[PDB]
Amino acid sequence: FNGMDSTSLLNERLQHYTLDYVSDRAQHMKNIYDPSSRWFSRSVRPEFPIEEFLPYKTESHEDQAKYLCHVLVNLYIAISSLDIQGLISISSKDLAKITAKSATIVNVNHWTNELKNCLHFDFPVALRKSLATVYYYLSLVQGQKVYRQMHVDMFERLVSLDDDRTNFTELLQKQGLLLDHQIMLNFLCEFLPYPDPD
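Structure determination for this PDB entry was carried out by cryo-EM, with a resolution of 2.75 Å recorded in the header.

Given below as structure tokens:
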């Protein structure tokens, strides 16, 4: 529990994550490359769909969606609980690497590495906009020794200029991704001289 998706919540969370894909593989792969679609994920088709050359059933697009939904509520709880330097391990309580299972590990650094492993598959540019928004403001966190290098590299991967010839910067510009330049400018201004050296 504690954020597990094993109820009717999973439907509404998939709908919120635009992960309520069409159940036909054929129609889904078509509406994955069509900008008029809710589930638009890429502008350019991979000419070699390397998963379709394997001699066994790879997992369903619905399984890849259901996995990403768990990674995202766990990443939300991890960041929204403010503990970005993940020192404080939690447990079962009195208050009243790549398998998703009943153990819940409230560390931002775990779930960003889960999401790095989900980047090998499609998700709609609407969910890519939410994720580019999250990793931008997360990478500017202060107070504690966060693993900043991998939060910058996650944003760099989310906004990529060349990913199977898709430019996600211009797809996110056409989606209306907007970022506050003042937070970035203020943090870069902390390297200007300050009038007390203490």
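*Asks:* Explain the overall build of the chain here, please?
*Replies:* Across its full length, the chain carries eight helices and zero strands. When its helices and strands are written in sequence order, the chain yields α-α-α-α-α-α-α-α. With the principal axes as the frame, the chain shows a C-alpha extent of 65 × 45 × 30 Å. Counting across all 198 residues of the chain, residues that qualify as buried make up 34%. Surface accessibility of the chain: about 13,300 Å² in total, with carbon and sulfur atoms responsible for 54%. Considering the chain, the positive charge centre built from 19 side chains and the negative charge centre built from 25 side chains are found 4 Å apart.

*Asks:* How should I be thinking about helix α5 (residues 125-139) in this particular structure?
*Replies:* Taking 1.5 Å of rise per residue, the 15 residues of α5 would be expected to cover 21 Å, and the 21 Å separating its terminal C-alpha atoms lies within 8% of that figure. For α5, the complete set of buried residues consists of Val125, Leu127, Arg128, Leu131, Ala132, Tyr135, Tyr136, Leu138 and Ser139. Of the surrounding elements, those touching the buried residues of α5 are α3 (61-80), α4 (108-118), α6 (148-158), α7 (168-175) and α8 (181-189).

*Asks:* What is the right way to read a nonpolar patch on the surface from this model?
*Replies:* The grouping of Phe48, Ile50 and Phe53 at the surface amounts to a nonpolar patch, some 380 Å² of accessible area in total. By the secondary structure assignment, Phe48 is in the loop between α2 (25-31) and α3.

*Asks:* I'm lost on α3 in this one. Help?
*Replies:* The terminal C-alpha atoms of α3 lie 28 Å apart, and with 20 residues this matches the ideal 28 Å at 1.5 Å per residue to within 8%. Along α3, the positions that sit buried rather than exposed are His61, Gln64, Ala65, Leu68, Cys69, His70, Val71, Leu72, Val73, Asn74, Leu75 and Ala78.

*Asks:* For this particular structure, what's the right way to read the environment of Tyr33?
*Replies:* Along the chain, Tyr33 turns up in the loop between α2 and α3. Sequence spacing of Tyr33 and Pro46 is 13 residues, and the spatial spacing of their C-alpha atoms is 10 Å. With near-sequence residues (within four places) excluded, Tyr33 lies in contact with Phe40, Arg42, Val44, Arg45 and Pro46.

*Asks:* Just checking my understanding: could you explain the nonpolar core for this structure?
*Replies:* Side chains of a nonpolar character, in soluble globular proteins, are inclined to be buried together. Among the nonpolar cores identified, the biggest contains 29 residues, and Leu19, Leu68, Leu115, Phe123, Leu127, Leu131 and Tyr135 are the most heavily contacted of them. Elements with a minimum of two residues in this core: α1 (9-16), α3, α4, α5 and α6. Grouped together as the second largest cluster of nonpolar side chains are eight residues, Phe40, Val125, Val159 and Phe168 included.

*Asks:* Just to check I follow, could you spell out the environment of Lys57 for this structure?
*Replies:* Positionally, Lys57 belongs in the loop between α2 and α3. Considered as a pair, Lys57 and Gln85 are 28 residues apart in the sequence and their alpha carbons are 39 Å apart.

*Asks:* Explain the layout of surface pockets here, please?
*Replies:* It is the rolling of a water-molecule-sized probe over the atoms that shows where space remains empty. Considering only enclosed or pocket space, the largest pocket measures out at about 600 Å³ in volume. Residue lining of the largest pocket: 25 residues in total, with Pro46, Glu51, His120, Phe121 and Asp122 positioned closest to the centre. Residue assignment for the lining of the largest pocket shows that the elements contributing at least two residues are α2 and α3. At three residues, α2 tops the list of elements feeding residues into the lining of the largest pocket. Looking at side-chain class alone, the lining of the largest pocket contains eleven nonpolar, five polar and nine charged residues. As for the second largest pocket, its lining consists of 20 residues, and the residues nearest its centre are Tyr17, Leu72, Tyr76, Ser130 and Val134. Broken down by element, the residue count for the lining of the second largest pocket peaks at eight residues, all from α5. Across the lining of the second largest pocket, the residue classes break down as 14 nonpolar, five polar and one charged.

About the cut-offs
Residues numbered from 1 in each chain as written, not as in the entry; some residues may be left out. Part of a larger assembly, values for the part shown. Heavy atoms only, no water. Helix = DSSP H or I, 4+ residues; strand = E, 2+ residues; numbered from the N terminus. Buried < 20%, exposed > 50% of the residue type's maximum accessible area, 1.4 Å probe, protein only. Areas by Shrake-Rupley, 256 points an atom, 1.4 Å probe, with all protein chains shown as cover. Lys, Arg positive; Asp, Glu negative; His and termini not counted. Charge placed at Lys NZ, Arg CZ, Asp CG, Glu CD. Expected span 1.5 Å × (residues − 1). Contact = heavy atoms within 4.5 Å. Patch = residues over 30% accessible without salt bridge, like charges linked within 9 Å, V, L, I, M, F, W, Y side chains within 5 Å. Salt bridge = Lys/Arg side-chain N within 4 Å of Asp/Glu carboxyl O. Core = buried A, V, L, I, M, F, W, Y, C linked by side-chain atoms within 4.5 Å. 1 Å grid on protein atoms, 1.4 Å probe; cavity = no way out; pocket = protein on both sides within 12 Å on 5 of 7 lines; lining within 4 Å. Points joined across faces, edges and corners; volume = space filled by probe spheres on them. Nonpolar A, V, L, I, M, F, W, Y, C, P; charged D, E, K, R; others polar.

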